[PDB]
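Listing of structure-v4.pdb, PDB, C-alpha atoms (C1' of nucleotides) and all ligand atoms
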```pdb
ATOM      1  CA  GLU Y  10      28.721  -9.944  29.191  1.00  0.00           C
ATOM      2  CA  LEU Y  11      29.710  -6.483  27.968  1.00  0.00           C
ATOM      3  CA  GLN Y  12      26.416  -6.459  25.992  1.00  0.00           C
ATOM      4  CA  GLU Y  13      25.291  -3.183  24.391  1.00  0.00           C
ATOM      5  CA  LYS Y  14      22.860  -1.912  21.735  1.00  0.00           C
ATOM      6  CA  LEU Y  15      21.929   1.475  20.282  1.00  0.00           C
ATOM      7  CA  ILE Y  16      18.250   2.185  20.009  1.00  0.00           C
ATOM      8  CA  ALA Y  17      17.832   5.275  17.880  1.00  0.00           C
ATOM      9  CA  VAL Y  18      20.125   7.510  15.869  1.00  0.00           C
ATOM     10  CA  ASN Y  19      18.986  10.857  14.519  1.00  0.00           C
ATOM     11  CA  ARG Y  20      19.772  14.064  12.647  1.00  0.00           C
ATOM     12  CA  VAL Y  21      19.227  17.601  13.958  1.00  0.00           C
ATOM     13  CA  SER Y  22      19.764  21.090  12.516  1.00  0.00           C
ATOM     14  CA  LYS Y  23      21.146  24.220  14.194  1.00  0.00           C
ATOM     15  CA  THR Y  24      20.871  27.103  11.687  1.00  0.00           C
ATOM     16  CA  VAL Y  25      23.336  30.000  11.437  1.00  0.00           C
ATOM     17  CA  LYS Y  26      24.086  32.929   9.139  1.00  0.00           C
ATOM     18  CA  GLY Y  27      25.519  30.503   6.613  1.00  0.00           C
ATOM     19  CA  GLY Y  28      22.865  27.805   6.705  1.00  0.00           C
ATOM     20  CA  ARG Y  29      21.839  24.639   8.475  1.00  0.00           C
ATOM     21  CA  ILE Y  30      24.597  22.932  10.372  1.00  0.00           C
ATOM     22  CA  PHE Y  31      23.489  19.369  10.998  1.00  0.00           C
ATOM     23  CA  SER Y  32      24.631  16.751  13.471  1.00  0.00           C
ATOM     24  CA  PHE Y  33      23.567  13.429  14.880  1.00  0.00           C
ATOM     25  CA  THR Y  34      22.426  11.932  18.140  1.00  0.00           C
ATOM     26  CA  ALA Y  35      22.624   8.426  19.543  1.00  0.00           C
ATOM     27  CA  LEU Y  36      20.555   6.604  22.135  1.00  0.00           C
ATOM     28  CA  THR Y  37      22.185   3.546  23.688  1.00  0.00           C
ATOM     29  CA  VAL Y  38      21.589   0.890  26.320  1.00  0.00           C
ATOM     30  CA  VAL Y  39      24.105  -1.323  28.139  1.00  0.00           C
ATOM     31  CA  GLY Y  40      23.613  -4.015  30.760  1.00  0.00           C
ATOM     32  CA  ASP Y  41      25.274  -7.119  32.168  1.00  0.00           C
ATOM     33  CA  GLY Y  42      22.422  -9.610  31.791  1.00  0.00           C
ATOM     34  CA  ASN Y  43      22.009  -9.808  35.555  1.00  0.00           C
ATOM     35  CA  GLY Y  44      20.439  -6.533  36.617  1.00  0.00           C
ATOM     36  CA  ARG Y  45      22.179  -3.188  36.157  1.00  0.00           C
ATOM     37  CA  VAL Y  46      21.299  -1.032  33.145  1.00  0.00           C
ATOM     38  CA  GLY Y  47      21.969   2.488  31.981  1.00  0.00           C
ATOM     39  CA  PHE Y  48      21.257   4.577  28.913  1.00  0.00           C
ATOM     40  CA  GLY Y  49      23.334   7.315  27.358  1.00  0.00           C
ATOM     41  CA  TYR Y  50      22.524  10.135  24.998  1.00  0.00           C
ATOM     42  CA  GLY Y  51      25.557  11.989  23.651  1.00  0.00           C
ATOM     43  CA  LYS Y  52      25.414  13.799  20.318  1.00  0.00           C
ATOM     44  CA  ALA Y  53      28.113  14.650  17.755  1.00  0.00           C
ATOM     45  CA  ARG Y  54      28.646  16.078  14.270  1.00  0.00           C
ATOM     46  CA  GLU Y  55      29.168  12.600  12.861  1.00  0.00           C
ATOM     47  CA  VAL Y  56      27.416   9.333  13.580  1.00  0.00           C
ATOM     48  CA  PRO Y  57      30.130   7.019  14.908  1.00  0.00           C
ATOM     49  CA  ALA Y  58      31.329   9.813  17.198  1.00  0.00           C
ATOM     50  CA  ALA Y  59      27.763  10.190  18.439  1.00  0.00           C
ATOM     51  CA  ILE Y  60      27.210   6.502  19.220  1.00  0.00           C
ATOM     52  CA  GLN Y  61      30.668   6.167  20.731  1.00  0.00           C
ATOM     53  CA  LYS Y  62      30.106   9.221  22.916  1.00  0.00           C
ATOM     54  CA  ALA Y  63      26.838   7.580  23.968  1.00  0.00           C
ATOM     55  CA  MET Y  64      27.882   4.019  24.794  1.00  0.00           C
ATOM     56  CA  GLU Y  65      30.273   5.755  27.149  1.00  0.00           C
ATOM     57  CA  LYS Y  66      27.633   7.909  28.856  1.00  0.00           C
ATOM     58  CA  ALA Y  67      25.673   4.698  29.344  1.00  0.00           C
ATOM     59  CA  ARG Y  68      28.570   2.967  31.109  1.00  0.00           C
ATOM     60  CA  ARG Y  69      28.111   5.328  34.034  1.00  0.00           C
ATOM     61  CA  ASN Y  70      24.581   6.578  34.746  1.00  0.00           C
ATOM     62  CA  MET Y  71      23.933   2.875  35.383  1.00  0.00           C
ATOM     63  CA  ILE Y  72      21.305   1.770  37.906  1.00  0.00           C
ATOM     64  CA  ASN Y  73      20.476  -1.743  39.152  1.00  0.00           C
ATOM     65  CA  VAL Y  74      17.256  -3.645  39.402  1.00  0.00           C
ATOM     66  CA  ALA Y  75      15.972  -6.131  41.932  1.00  0.00           C
ATOM     67  CA  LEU Y  76      15.033  -8.876  39.476  1.00  0.00           C
ATOM     68  CA  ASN Y  77      13.435 -12.149  40.529  1.00  0.00           C
ATOM     69  CA  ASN Y  78      14.812 -15.007  38.465  1.00  0.00           C
ATOM     70  CA  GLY Y  79      14.685 -14.095  34.774  1.00  0.00           C
ATOM     71  CA  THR Y  80      11.597 -11.960  35.353  1.00  0.00           C
ATOM     72  CA  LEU Y  81      10.014  -9.184  37.413  1.00  0.00           C
ATOM     73  CA  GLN Y  82       8.352  -9.673  40.794  1.00  0.00           C
ATOM     74  CA  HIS Y  83       5.334  -7.400  40.310  1.00  0.00           C
ATOM     75  CA  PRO Y  84       3.855  -5.701  37.228  1.00  0.00           C
ATOM     76  CA  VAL Y  85       5.287  -2.187  36.966  1.00  0.00           C
ATOM     77  CA  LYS Y  86       4.276   1.134  35.470  1.00  0.00           C
ATOM     78  CA  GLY Y  87       6.687   3.819  34.329  1.00  0.00           C
ATOM     79  CA  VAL Y  88       6.306   7.253  32.817  1.00  0.00           C
ATOM     80  CA  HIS Y  89       8.503  10.128  31.659  1.00  0.00           C
ATOM     81  CA  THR Y  90       7.412  13.093  29.531  1.00  0.00           C
ATOM     82  CA  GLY Y  91       4.924  11.754  26.983  1.00  0.00           C
ATOM     83  CA  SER Y  92       5.891   8.123  27.236  1.00  0.00           C
ATOM     84  CA  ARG Y  93       3.834   6.137  29.705  1.00  0.00           C
ATOM     85  CA  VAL Y  94       4.913   2.509  29.737  1.00  0.00           C
ATOM     86  CA  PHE Y  95       3.784  -0.758  31.320  1.00  0.00           C
ATOM     87  CA  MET Y  96       5.301  -4.240  31.699  1.00  0.00           C
ATOM     88  CA  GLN Y  97       4.257  -7.487  33.377  1.00  0.00           C
ATOM     89  CA  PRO Y  98       6.045 -10.528  34.914  1.00  0.00           C
ATOM     90  CA  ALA Y  99       4.521 -13.144  32.627  1.00  0.00           C
ATOM     91  CA  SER Y 100       5.195 -16.563  34.125  1.00  0.00           C
ATOM     92  CA  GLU Y 101       7.359 -16.829  31.035  1.00  0.00           C
ATOM     93  CA  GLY Y 102       5.524 -18.477  28.203  1.00  0.00           C
ATOM     94  CA  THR Y 103       8.571 -17.749  26.204  1.00  0.00           C
ATOM     95  CA  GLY Y 104       8.428 -14.083  27.040  1.00  0.00           C
ATOM     96  CA  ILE Y 105      10.430 -11.034  25.941  1.00  0.00           C
ATOM     97  CA  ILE Y 106       7.638  -9.316  23.982  1.00  0.00           C
ATOM     98  CA  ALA Y 107       7.863  -5.532  23.769  1.00  0.00           C
ATOM     99  CA  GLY Y 108       8.391  -2.769  21.261  1.00  0.00           C
ATOM    100  CA  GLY Y 109      11.969  -3.121  20.140  1.00  0.00           C
ATOM    101  CA  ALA Y 110      13.153   0.030  21.898  1.00  0.00           C
ATOM    102  CA  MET Y 111      12.225  -1.148  25.353  1.00  0.00           C
ATOM    103  CA  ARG Y 112      12.924  -4.722  24.339  1.00  0.00           C
ATOM    104  CA  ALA Y 113      16.421  -3.277  24.160  1.00  0.00           C
ATOM    105  CA  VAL Y 114      16.676  -2.277  27.799  1.00  0.00           C
ATOM    106  CA  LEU Y 115      14.806  -5.377  28.941  1.00  0.00           C
ATOM    107  CA  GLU Y 116      16.929  -7.789  26.919  1.00  0.00           C
ATOM    108  CA  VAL Y 117      20.367  -6.601  28.067  1.00  0.00           C
ATOM    109  CA  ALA Y 118      19.229  -5.761  31.596  1.00  0.00           C
ATOM    110  CA  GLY Y 119      18.635  -9.491  32.030  1.00  0.00           C
ATOM    111  CA  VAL Y 120      14.854  -9.725  32.162  1.00  0.00           C
ATOM    112  CA  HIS Y 121      14.066 -12.814  30.101  1.00  0.00           C
ATOM    113  CA  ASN Y 122      10.334 -13.187  29.880  1.00  0.00           C
ATOM    114  CA  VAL Y 123       8.045 -10.186  30.183  1.00  0.00           C
ATOM    115  CA  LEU Y 124       5.259  -8.710  28.147  1.00  0.00           C
ATOM    116  CA  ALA Y 125       5.378  -4.944  27.761  1.00  0.00           C
ATOM    117  CA  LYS Y 126       3.651  -2.067  25.982  1.00  0.00           C
ATOM    118  CA  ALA Y 127       4.285   1.657  25.582  1.00  0.00           C
ATOM    119  CA  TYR Y 128       1.585   4.333  25.591  1.00  0.00           C
ATOM    120  CA  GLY Y 129       1.674   8.024  24.788  1.00  0.00           C
ATOM    121  CA  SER Y 130       4.510   9.025  22.509  1.00  0.00           C
ATOM    122  CA  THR Y 131       6.792   6.279  21.218  1.00  0.00           C
ATOM    123  CA  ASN Y 132       9.622   8.856  21.507  1.00  0.00           C
ATOM    124  CA  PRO Y 133      12.583   6.572  22.396  1.00  0.00           C
ATOM    125  CA  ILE Y 134      14.591   9.037  24.485  1.00  0.00           C
ATOM    126  CA  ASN Y 135      11.619   9.095  26.850  1.00  0.00           C
ATOM    127  CA  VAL Y 136      10.321   5.486  26.738  1.00  0.00           C
ATOM    128  CA  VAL Y 137      13.696   3.897  27.233  1.00  0.00           C
ATOM    129  CA  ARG Y 138      14.081   6.037  30.340  1.00  0.00           C
ATOM    130  CA  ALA Y 139      10.510   5.740  31.526  1.00  0.00           C
ATOM    131  CA  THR Y 140      11.342   2.044  31.567  1.00  0.00           C
ATOM    132  CA  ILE Y 141      14.683   2.280  33.367  1.00  0.00           C
ATOM    133  CA  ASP Y 142      13.064   4.495  35.996  1.00  0.00           C
ATOM    134  CA  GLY Y 143      10.336   1.880  35.717  1.00  0.00           C
ATOM    135  CA  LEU Y 144      12.497  -1.067  36.707  1.00  0.00           C
ATOM    136  CA  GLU Y 145      14.243   1.187  39.225  1.00  0.00           C
ATOM    137  CA  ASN Y 146      11.265   2.169  41.382  1.00  0.00           C
ATOM    138  CA  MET Y 147      10.297  -1.497  41.327  1.00  0.00           C
ATOM    139  CA  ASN Y 148      10.900  -2.681  44.864  1.00  0.00           C
ATOM    140  CA  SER Y 149      12.509  -5.754  46.369  1.00  0.00           C
ATOM    141  CA  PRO Y 150      10.317  -8.867  46.708  1.00  0.00           C
ATOM    142  CA  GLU Y 151      11.179  -9.252  50.370  1.00  0.00           C
ATOM    143  CA  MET Y 152      12.808  -5.967  51.273  1.00  0.00           C
ATOM    144  CA  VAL Y 153       9.134  -5.115  51.327  1.00  0.00           C
ATOM    145  CA  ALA Y 154       9.303  -7.134  54.537  1.00  0.00           C
ATOM    146  CA  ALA Y 155      12.443  -5.211  55.359  1.00  0.00           C
ATOM    147  CA  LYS Y 156      10.105  -2.262  54.819  1.00  0.00           C
ATOM    148  CA  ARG Y 157       7.498  -3.699  57.160  1.00  0.00           C
ATOM    149  CA  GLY Y 158       8.690  -6.740  59.121  1.00  0.00           C
ATOM    150  CA  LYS Y 159       8.483  -4.160  61.884  1.00  0.00           C
TER     151      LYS Y 159
ATOM    152  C1'   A J   1      -4.210 -31.470  31.077  1.00  0.00           C
ATOM    153  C1'   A J   2      -8.180 -27.709  29.438  1.00  0.00           C
ATOM    154  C1'   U J   3      -8.625 -19.107  27.163  1.00  0.00           C
ATOM    155  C1'   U J   4      -0.905 -19.562  30.889  1.00  0.00           C
ATOM    156  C1'   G J   5      -1.215 -13.501  27.033  1.00  0.00           C
ATOM    157  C1'   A J   6      -0.481  -7.861  25.364  1.00  0.00           C
ATOM    158  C1'   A J   7       5.696  -4.989  20.388  1.00  0.00           C
ATOM    159  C1'   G J   8       5.289  -0.774  16.901  1.00  0.00           C
ATOM    160  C1'   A J   9       6.352   2.361  12.181  1.00  0.00           C
ATOM    161  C1'   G J  10       5.642   6.685   8.419  1.00  0.00           C
ATOM    162  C1'   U J  11       3.959  11.838   8.209  1.00  0.00           C
ATOM    163  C1'   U J  12       3.243  19.230  10.755  1.00  0.00           C
ATOM    164  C1'   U J  13       9.284  21.551  12.294  1.00  0.00           C
ATOM    165  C1'   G J  14      15.461  24.282  10.022  1.00  0.00           C
ATOM    166  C1'   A J  15      15.508  21.236  14.323  1.00  0.00           C
ATOM    167  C1'   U J  16      12.674  19.988  19.163  1.00  0.00           C
ATOM    168  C1'   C J  17       9.055  18.243  22.775  1.00  0.00           C
ATOM    169  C1'   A J  18       3.876  18.072  23.208  1.00  0.00           C
ATOM    170  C1'   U J  19      -0.868  17.993  21.234  1.00  0.00           C
ATOM    171  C1'   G J  20      -3.637  15.653  17.218  1.00  0.00           C
ATOM    172  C1'   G J  21      -5.723  13.580  12.798  1.00  0.00           C
ATOM    173  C1'   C J  22      -4.075  10.828   8.387  1.00  0.00           C
ATOM    174  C1'   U J  23      -1.419   6.454   6.950  1.00  0.00           C
ATOM    175  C1'   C J  24       1.145   1.304   7.518  1.00  0.00           C
ATOM    176  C1'   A J  25       2.712  -3.811   9.192  1.00  0.00           C
ATOM    177  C1'   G J  26      -1.880  -8.317  11.430  1.00  0.00           C
ATOM    178  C1'   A J  27      -5.882 -11.370  11.546  1.00  0.00           C
ATOM    179  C1'   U J  28     -10.716 -12.213   8.944  1.00  0.00           C
ATOM    180  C1'   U J  29     -14.300 -12.860   3.744  1.00  0.00           C
ATOM    181  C1'   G J  30     -20.426 -16.775   1.123  1.00  0.00           C
ATOM    182  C1'   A J  31     -16.306 -11.913  -2.072  1.00  0.00           C
ATOM    183  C1'   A J  32     -15.330  -9.345  -7.197  1.00  0.00           C
ATOM    184  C1'   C J  33     -11.951  -7.972 -10.904  1.00  0.00           C
ATOM    185  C1'   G J  34      -6.707  -8.186 -13.658  1.00  0.00           C
ATOM    186  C1'   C J  35      -2.652 -11.792 -14.997  1.00  0.00           C
ATOM    187  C1'   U J  36      -1.966 -16.929 -14.497  1.00  0.00           C
ATOM    188  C1'   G J  37      -3.652 -21.723 -13.840  1.00  0.00           C
ATOM    189  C1'   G J  38      -1.502 -29.059 -12.791  1.00  0.00           C
ATOM    190  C1'   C J  39      -4.107 -33.064  -9.582  1.00  0.00           C
ATOM    191  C1'   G J  40      -6.871 -34.466  -5.153  1.00  0.00           C
ATOM    192  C1'   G J  41      -9.725 -34.368  -0.091  1.00  0.00           C
ATOM    193  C1'   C J  42     -13.329 -31.592   2.830  1.00  0.00           C
ATOM    194  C1'   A J  43     -16.254 -27.482   2.568  1.00  0.00           C
ATOM    195  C1'   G J  44     -18.787 -22.942   0.304  1.00  0.00           C
ATOM    196  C1'   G J  45     -21.732 -21.101  -3.745  1.00  0.00           C
ATOM    197  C1'   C J  46     -27.967 -14.771  -5.591  1.00  0.00           C
ATOM    198  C1'   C J  47     -24.922 -11.006  -0.205  1.00  0.00           C
ATOM    199  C1'   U J  48     -28.619  -7.546  -5.373  1.00  0.00           C
ATOM    200  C1'   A J  49     -35.046  -7.419  -7.298  1.00  0.00           C
ATOM    201  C1'   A J  50     -39.913 -10.585  -0.348  1.00  0.00           C
ATOM    202  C1'   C J  51     -38.335  -8.880  -8.942  1.00  0.00           C
ATOM    203  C1'   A J  52     -41.165 -11.892 -12.489  1.00  0.00           C
ATOM    204  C1'   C J  53     -41.417 -16.862 -14.012  1.00  0.00           C
ATOM    205  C1'   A J  54     -41.699 -21.447 -19.597  1.00  0.00           C
ATOM    206  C1'   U J  55     -41.380 -26.851 -18.662  1.00  0.00           C
ATOM    207  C1'   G J  56     -40.331 -31.527 -15.557  1.00  0.00           C
ATOM    208  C1'   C J  57     -40.152 -33.077 -10.892  1.00  0.00           C
ATOM    209  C1'   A J  58     -40.834 -31.568  -4.981  1.00  0.00           C
ATOM    210  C1'   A J  59     -47.195 -36.142  -1.429  1.00  0.00           C
ATOM    211  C1'   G J  60     -49.106 -39.797  -1.310  1.00  0.00           C
ATOM    212  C1'   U J  61     -50.285 -44.415   0.084  1.00  0.00           C
ATOM    213  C1'   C J  62     -53.836 -48.682   1.774  1.00  0.00           C
ATOM    214  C1'   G J  63     -57.816 -54.353  -2.207  1.00  0.00           C
ATOM    215  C1'   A J  64     -56.069 -57.016   5.188  1.00  0.00           C
ATOM    216  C1'   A J  65     -62.372 -50.704   5.324  1.00  0.00           C
ATOM    217  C1'   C J  66     -65.861 -50.432   0.760  1.00  0.00           C
ATOM    218  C1'   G J  67     -69.068 -51.656  -4.255  1.00  0.00           C
ATOM    219  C1'   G J  68     -65.750 -53.159  -7.509  1.00  0.00           C
ATOM    220  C1'   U J  69     -63.821 -54.469 -12.892  1.00  0.00           C
ATOM    221  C1'   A J  70     -61.078 -50.721 -17.068  1.00  0.00           C
ATOM    222  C1'   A J  71     -56.342 -51.897 -18.325  1.00  0.00           C
ATOM    223  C1'   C J  72     -52.912 -56.853 -18.366  1.00  0.00           C
ATOM    224  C1'   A J  73     -51.800 -61.296 -16.214  1.00  0.00           C
ATOM    225  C1'   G J  74     -53.017 -65.837 -15.679  1.00  0.00           C
ATOM    226  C1'   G J  75     -56.292 -69.483 -14.936  1.00  0.00           C
ATOM    227  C1'   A J  76     -62.594 -71.683 -15.746  1.00  0.00           C
ATOM    228  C1'   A J  77     -68.018 -75.074 -16.276  1.00  0.00           C
ATOM    229  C1'   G J  78     -67.548 -74.571 -21.173  1.00  0.00           C
ATOM    230  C1'   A J  79     -66.862 -73.017 -26.103  1.00  0.00           C
ATOM    231  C1'   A J  80     -61.562 -74.580 -28.785  1.00  0.00           C
ATOM    232  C1'   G J  81     -56.031 -72.666 -31.868  1.00  0.00           C
TER     233        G J  81
HETATM  234 MG    MG Y 201      10.480  19.982   6.366  1.00  0.00          MG
HETATM  235 MG    MG Y 202      -8.363 -17.007 -17.412  1.00  0.00          MG
END
```

Go through the file and emit its structure as structure tokens.
Ligand SMILES: [Mg+2]
Ligand SMILES: [Mg+2]
Amino acid sequence: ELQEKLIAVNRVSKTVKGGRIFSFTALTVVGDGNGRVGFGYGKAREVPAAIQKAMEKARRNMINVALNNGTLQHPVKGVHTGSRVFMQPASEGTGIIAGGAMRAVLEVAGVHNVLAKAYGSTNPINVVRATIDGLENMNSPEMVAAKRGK
RNA sequence: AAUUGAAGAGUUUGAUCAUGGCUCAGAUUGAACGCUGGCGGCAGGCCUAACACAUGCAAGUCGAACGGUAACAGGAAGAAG
């Protein structure tokens, strides 16, 4: 259950006396299929170095998520920079419908049957991220009683 | 048992994030044109000039309301082929 996938890879330019010096960037997501997900950025002058350097970053920076079966307890909202995202339990029809990009975090992270949608900018670095934070804030379907109870 | 269902992409920049229009993948059609065209079932077929119209047909029927015989069908005292 290693499970990992990169979401977006990109080129960027730096500009010096002698011209443009380019380089790449990688955005990755890793999860165990049972909660726990992280993302990593990491950039590098060549692609495989960039994705490698990323998968790593993702290994740490990993948070976990109070799932509830294969789905989410309550419908959650997330938002970071321009990306404002929303996903919903969905008493699984089949489920797992989202914009490949946050399907990526969902998938690996173990959620099996949601419906999701991203608003604002589809800028991956911020949507995958608005989502993680999304699932993170999402609170425990009983440690809400822990919360109250008293 | 019986609406239990929601995805994003391209494009301003050297590059970036934001803002923001343009564009694209989808469904839908009483459709047209271009190329092509085998058979069948159901359906659809002037969206325009409420423009103008040759010709046929689209409202009759009842002799058990009525006087009726002009047509054709028979029959009739009786005149005959
Ligand atoms: Mg340019
Ligand atoms: Mg032809």

Residue IDs satisfying the PyMOL selection byres (((not hetatm)) within 10 of (chain Y and resi 202)), as JSON, numbers by chain:
{"J": [34, 35, 36, 37]}

Selected residue of minimal separation from residue 4 (chain J) among Y:102, Y:120, Y:145, Y:130, counting only C-alpha atoms (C1' of nucleotides)
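Smallest distance to residue 4 (chain J) is found for Y:102.
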
Apply the PyMOL selection byres (((not hetatm)) within 12 of (chain Y and resi 201)) to the structure shown and report the selected residues as a PDB file with C-alpha atoms (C1' of nucleotides), in the frame of the given file.
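Done, and the output landed in expr-v1.pdb:
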```pdb
ATOM      1  CA  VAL Y  21      19.227  17.601  13.958  1.00  0.00           C
ATOM      2  CA  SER Y  22      19.764  21.090  12.516  1.00  0.00           C
TER       3      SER Y  22
ATOM      4  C1'   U J  11       3.959  11.838   8.209  1.00  0.00           C
ATOM      5  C1'   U J  12       3.243  19.230  10.755  1.00  0.00           C
ATOM      6  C1'   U J  13       9.284  21.551  12.294  1.00  0.00           C
ATOM      7  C1'   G J  14      15.461  24.282  10.022  1.00  0.00           C
ATOM      8  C1'   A J  15      15.508  21.236  14.323  1.00  0.00           C
TER       9        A J  15
END
```

Top pick for closest residue to residue 15 (chain Y), considering Y:61, Y:77, Y:131, Y:149 and counting all atoms listed in the file:
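Comparing Y:61, Y:77, Y:131, Y:149 against residue 15 (chain Y), the winner is Y:61.
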
With distances taken over only C-alpha atoms (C1' of nucleotides), which of J:58, J:47, J:2, J:73 is nearest to residue 31 (chain J)?
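Selected residue with least distance to residue 31 (chain J): J:47.
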
Test item: chain J residues at most 12 Å from chain Y, counting all atoms listed in the file, as a ChimeraX atom specification:
/J:4-9,13-20

Distance query residue 143 (chain Y) at most 12 Å, all atoms listed in the file, self and fewer than 4 positions along chain excluded, as a PDB file with C-alpha atoms, in the frame of the given file:
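Wrote out-v4.pdb, looks like this:
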```
ATOM      1  CA  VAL Y  46      21.299  -1.032  33.145  1.00  0.00           C
ATOM      2  CA  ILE Y  72      21.305   1.770  37.906  1.00  0.00           C
ATOM      3  CA  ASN Y  73      20.476  -1.743  39.152  1.00  0.00           C
ATOM      4  CA  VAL Y  74      17.256  -3.645  39.402  1.00  0.00           C
ATOM      5  CA  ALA Y  75      15.972  -6.131  41.932  1.00  0.00           C
ATOM      6  CA  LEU Y  81      10.014  -9.184  37.413  1.00  0.00           C
ATOM      7  CA  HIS Y  83       5.334  -7.400  40.310  1.00  0.00           C
ATOM      8  CA  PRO Y  84       3.855  -5.701  37.228  1.00  0.00           C
ATOM      9  CA  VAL Y  85       5.287  -2.187  36.966  1.00  0.00           C
ATOM     10  CA  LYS Y  86       4.276   1.134  35.470  1.00  0.00           C
ATOM     11  CA  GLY Y  87       6.687   3.819  34.329  1.00  0.00           C
ATOM     12  CA  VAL Y  88       6.306   7.253  32.817  1.00  0.00           C
ATOM     13  CA  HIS Y  89       8.503  10.128  31.659  1.00  0.00           C
ATOM     14  CA  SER Y  92       5.891   8.123  27.236  1.00  0.00           C
ATOM     15  CA  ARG Y  93       3.834   6.137  29.705  1.00  0.00           C
ATOM     16  CA  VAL Y  94       4.913   2.509  29.737  1.00  0.00           C
ATOM     17  CA  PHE Y  95       3.784  -0.758  31.320  1.00  0.00           C
ATOM     18  CA  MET Y  96       5.301  -4.240  31.699  1.00  0.00           C
ATOM     19  CA  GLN Y  97       4.257  -7.487  33.377  1.00  0.00           C
ATOM     20  CA  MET Y 111      12.225  -1.148  25.353  1.00  0.00           C
ATOM     21  CA  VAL Y 114      16.676  -2.277  27.799  1.00  0.00           C
ATOM     22  CA  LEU Y 115      14.806  -5.377  28.941  1.00  0.00           C
ATOM     23  CA  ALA Y 125       5.378  -4.944  27.761  1.00  0.00           C
ATOM     24  CA  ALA Y 127       4.285   1.657  25.582  1.00  0.00           C
ATOM     25  CA  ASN Y 135      11.619   9.095  26.850  1.00  0.00           C
ATOM     26  CA  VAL Y 136      10.321   5.486  26.738  1.00  0.00           C
ATOM     27  CA  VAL Y 137      13.696   3.897  27.233  1.00  0.00           C
ATOM     28  CA  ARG Y 138      14.081   6.037  30.340  1.00  0.00           C
ATOM     29  CA  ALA Y 139      10.510   5.740  31.526  1.00  0.00           C
ATOM     30  CA  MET Y 147      10.297  -1.497  41.327  1.00  0.00           C
ATOM     31  CA  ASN Y 148      10.900  -2.681  44.864  1.00  0.00           C
TER      32      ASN Y 148
END
```

If you take every atom of region 53-65 of chain J that the file lists and fit an axis-aligned box around them with 5 Å extra on each side, what centre and edge lengths come out in Å to one decimal, as lines of an AutoDock Vina configuration file?
```
center_x = -51.3
center_y = -36.9
center_z = -7.1
size_x = 32.2
size_y = 50.2
size_z = 34.9
```

Residue contacts of residue 80 (chain Y) (7 Å, all atoms listed in the file) excluding same-chain residues fewer than 2 positions away, as an NGL selection string
:Y and (76-78 or 82 or 98 or 120-123)

What is the CA of residue 64 (chain Y) to CA of residue 47 (chain Y) distance in Å?
9.4 Å

Rounded to one decimal, what separation in Å do you get between CA of residue 37 (chain Y) and CA of residue 119 (chain Y)?
15.9 Å

From Y:11, Y:17, Y:113, Y:56, residue lying nearest residue 68 (chain Y) [only C-alpha atoms]:
Y:11
